[PDB]
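Below: one structure, written as structure tokens.
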Ligand code: HEM
Ligand SMILES: CC1(C)[C@@H]2CC[C@@]1(C)C(=O)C2
Ligand SMILES: [K+]
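Numbering (the numbering used here), first residue to last: -5 to 399.
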């Protein structure tokens, strides 16, 4: 159902795009979202779907809005409104300068230093998972690697039982790609019920894991509260279980269909970091937004206080104004422009971990399984939401062409 058009919204700016089920989804999710950048669509439109909200379609506007937190607040960053209001993760639900201290603490646990420290376990796991698959001559990448690799590394960092992964993944799936079984608030409360006793125990008997570090951290001179700890940890769980996990599948689906791109990285490995960046652009997958703090005219459009605006991080790099031939993958672009990891004060803190996991995957997989393809008769399907994903990715290969190291 489309929501009634608000009086202040001109009819020529309406474009009923459903971020949870785009029309051209069969052509791939990024392609489905790119229809918003066709010549028939204004730079800023209003969709009546999911309660009704604005959507900035150009990199220029997305960057702008993400910078101007005074007008575009993180307080209600998710669509639909019920989700945006229930969303209380730290520091994502706060605007500068309040998020400052909280962002610093989260940085201690998932920042650059920590990624350096865990580099060996990351390399270890990738190699391990891949050496297991190698002889099989086939695998469902989404469950055999995309999920275990990033998630187990996160469980290791947070000090959580790998036994809890299925329960935790389901809950985070409901917060990014809702299947209807639970509302955001319900998924959040279940997640919080899981976290609370664990935070309690670690505040009493502190450890070296991320949860202990956060739970016993200091924010602005005083100790962090159990609630604040819970809200930051809730966010870490989502980032850990529902980001790289989804992205790896888009990348590997592409590689499975691009023999020439695979060989290119095999021959010239020094290019992998650039290829990681290019894949991050072409297969960007996040889309959240902000809320108007007051009436405001943005690029000739009258925005009303309380209006929600989706600022798809995914679109900036697909914008032909930012990158020529945006849908083409070219590992040697002189500049890969994108906002895949966000923009503004909330720029992703886990980006260093994400890039390491991606780069390690690229090199390690290609070393052992240089030639692979999508299973014949496989119909790959994508799913859309706050973070898009791949339903399943059936891969097949000849073991005789692979090699152990
Ligand atoms: C492919 C990988 C990833 C992508 C595309 C991604 C994307 C994003 C985006 C777009 C934002 C900003 C959202 C906003 O402004 O409202 C963000 C923030 C954040 N990300 Fe990531 N992320 C990735 C991986 C991770 C991982 C592995 C973690 C770690 C668990 C993580 C933790 C965070 C945190 C804590 C923030 C909040 C920072 C703040 O509010 O100041 N992310 N991420
Ligand atoms: C939008 C995000 C990818 C970023 C990290 C996890 C996520 C869903 C958030 O809530 C902030
Ligand atoms: K909120």
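Beta carbons: idealized from backbone N, C-alpha and C, even for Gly.
First and last residue of the uninterrupted beta strand (DSSP E) at residue 304: The residue labelled residue 304 in the question sits at position 310 within the chain shown. Counting along the chain, the beta strand (DSSP E) containing residue 304 begins and ends at 302 to 305.
Limits of the alpha helix (DSSP H) - the one that residue 414 falls within: Here the chain covers residues -5 to 399 and nothing more, so residue 414 does not appear.
Short CB-CB distance (under 8 Å) between residue 119 and chain B: Within the model displayed, chain B is absent; a lone protein chain is all it includes.
Same chain, Cβ closer than 8 Å to residue 330, neighbours up to 5 away in sequence not counted: Sequence index remark: in the chain shown, residue 330 carries index 336 (1-based). Result list for residue 330: 268, 271, 272, 274, 275, 311 and 317, in chain order.
Nearest neighbour of residue 222, chosen from 205, 245, 233 and 56 [CA to CA]: As a working note, residue 222 is residue 228 in the chain shown. Minimum Cα distance to residue 222 is reached at 205.
Cut-off 7 Å between Cβ atoms - residues of its own chain near residue 239, not counting five sequence neighbours on either side: Position 245 of the chain shown, counting from 1, holds the residue named residue 239. Result list for residue 239: 140, 141, 144 and 145, in chain order.
Rounded distance between the beta-carbons of residue 225 and residue 83, thought under 8 Å: Locating residue 83 in the chain shown gives position 89, where the first residue counts as 1. Locating residue 225 in the chain shown gives position 231, where the first residue counts as 1. Confirmed, Cβ separation roughly 5 Å.
Own chain partners of residue -4 with C-beta closer than 7 Å, once the 5 adjacent residues on each side are dropped: Your numbering for residue -4 matches position 2 in the chain shown. Only 10, 42 and 43 meet the Cβ criterion.
Assigned exposure category for residue 257 - 16 Cβ within 10 Å defines buried: Indexing the chain shown from 1 puts residue 257 at position 263. By the 10 Å Cβ count, residue 257 comes out exposed.
Spatial neighbours of residue 386 in its chain, beta-carbon cut-off 7 Å, leaving aside the 5 residues before and after: The residue given as residue 386 occupies position 392 in the chain shown. Excluding positions up to five away in sequence, the list reads 134 and 136.
Contacts around residue 170, its chain only, beta-carbon distance under 6 Å, and the 5 residues preceding and following it disregarded: As a position in the chain shown, residue 170 is number 176, starting the count at 1. Cβ neighbours of residue 170 beyond the five flanking positions: 236, 379, 380 and 381.
Continuous beta strand (DSSP E) stretch holding residue 50: start and end: Here residue 50 is taken as the residue at index 56 of the chain shown, counted from 1. From DSSP, the beta strand (DSSP E) with residue 50 extends over 47 to 50.
Length-filtered (3 minimum) beta strand (DSSP E) runs lying within the region 105 to 146: 132 to 134
Of the listed residues 189, 361, 149 and 72, nearest to residue 125 (C-alpha basis): Start at 1 with the first residue of the chain shown, and residue 125 comes out as number 131. Comparing Cα positions, the closest option is 361.
Length of the line joining the Cα atoms of residue 86 and residue 18: In the chain shown, the residue the question calls residue 86 occupies position 92. In the chain shown, the residue the question calls residue 18 occupies position 24. Cα-Cα distance, rounded: 30 Å.
heavy atom of ligand 2 below 7 Å from residue 208 C-beta: Within the chain shown, the letter at position 214 stands for residue 208. Outside the cutoff, so no.
Any non-hydrogen atom of ligand 1 closer than 7 Å to residue 302 Cβ: As a working mapping, residue 302 is identified with position 308 in the chain shown. Checking every heavy atom of ligand 1 against the Cβ of residue 302, none is found closer than 7 Å.
Assigned exposure category for residue 321 - 16 Cβ within 10 Å defines buried: Here residue 321 corresponds to residue number 327 of the chain shown, with the count starting at 1. That one is exposed.
Residue 381: CB within 7 Å of a non-hydrogen atom of ligand 2: In the chain shown, the residue the question calls residue 381 occupies position 387. Yes - ligand 2 has a heavy atom lying nearer than 7 Å to the Cβ of residue 381.
Per-residue burial, residue 109 [other beta carbons within 10 Å of its own, 16 or more giving buried]: If you number the chain shown from 1, residue 109 lands on position 115. Residue 109 should be labelled buried.
Residue 83 CB to nearest heavy atom of ligand 2 below 7 Å: Along the chain shown, read from residue 1 onward, the residue named residue 83 stands at position 89. Residue 83: yes, Cβ under 7 Å from ligand 2.
Proximity to residue 3 [Cα-Cα], best of 48, 21, 28 and 26: Within the chain shown, the letter at position 9 stands for residue 3. Among 48, 21, 28 and 26, the Cα nearest to that of residue 3 belongs to 48.
Segment contact flag, the region 391 to 398 with the region 295 to 315, C-beta cutoff 8 Å, min 3 pairs: no
Selection from 371, 208 and 201 that minimises the alpha carbon distance to residue 95: Here residue 95 corresponds to residue number 101 of the chain shown, with the count starting at 1. Checked all of 371, 208 and 201; the closest Cα to residue 95 is 208.
Residue 279 and residue 289 closer than 8 Å at C-beta: Translated into positions along the chain shown, residue 279 becomes position 285. Translated into positions along the chain shown, residue 289 becomes position 295. In this structure, residue 289 does not lie closer than 8 Å to residue 279 by Cβ.
Ranges of the alpha helix (DSSP H) found wholly within the region 141 to 182, counting only runs of at least 4: 142 to 152 and 159 to 170
Between the CA atoms of residue 65 and residue 166 - distance to the nearest angstrom: Mapped onto the chain shown, residue 166 falls at position 172. Mapped onto the chain shown, residue 65 falls at position 71. Cα-Cα distance, rounded: 29 Å.
Cβ pair residue 71, residue 282 closer than 8 Å: In the chain shown, residue 71 corresponds to position 77, counting from 1. In the chain shown, residue 282 corresponds to position 288, counting from 1. Closer than 8 Å, so yes.
Straight-line gap, residue 199 to residue 81 (C-alpha atoms, nearest Å): The residue given as residue 199 occupies position 205 in the chain shown. The residue given as residue 81 occupies position 87 in the chain shown. The straight-line gap from Cα to Cα measures roughly 29 Å.
Ligand 2 heavy atom lying under 7 Å from the CB of residue 371: Here the question's residue 371 lines up with position 377 in the chain shown. No; taking the cut-off as 7 Å, the Cβ of residue 371 has no heavy atom of ligand 2 nearer than that.
Through-space distance from residue 264 to residue 57, alpha-carbon basis: The residue labelled residue 57 in the question sits at position 63 within the chain shown. The residue labelled residue 264 in the question sits at position 270 within the chain shown. Roughly 30 Å separates the two Cα atoms.
Heavy atom of ligand 2 within 7 Å of residue 305 beta-carbon: Translated into the one-based positions of the chain shown, residue 305 becomes position 311. Residue 305: no, Cβ never under 7 Å from ligand 2.
Spatial neighbours of residue 359 in its chain, beta-carbon cut-off 7 Å, leaving aside the 5 residues before and after: Along the chain shown, one-based indexing puts residue 359 at 365. Answer for residue 359: 124, listed in chain order.
Cβ-based neighbour list, residue 151, same chain, cut-off 6 Å, excluding 5 preceding and 5 following: Within the chain shown, numbered from 1, the residue matching residue 151 stands at position 157. Here the set comprises 204.
Contact test: residue 67 Cβ vs ligand 3 heavy atom, cutoff 7 Å: The residue you call residue 67 lines up with position 73 of the chain shown. No - ligand 3 has no heavy atom lying nearer than 7 Å to the Cβ of residue 67.
Reduced DSSP category for residue 427 - H, G, I as helix; E, B as strand; rest coil: In the structure as shown, the chain starts at -5 and stops at 399, and residue 427 therefore has no counterpart that could be examined.
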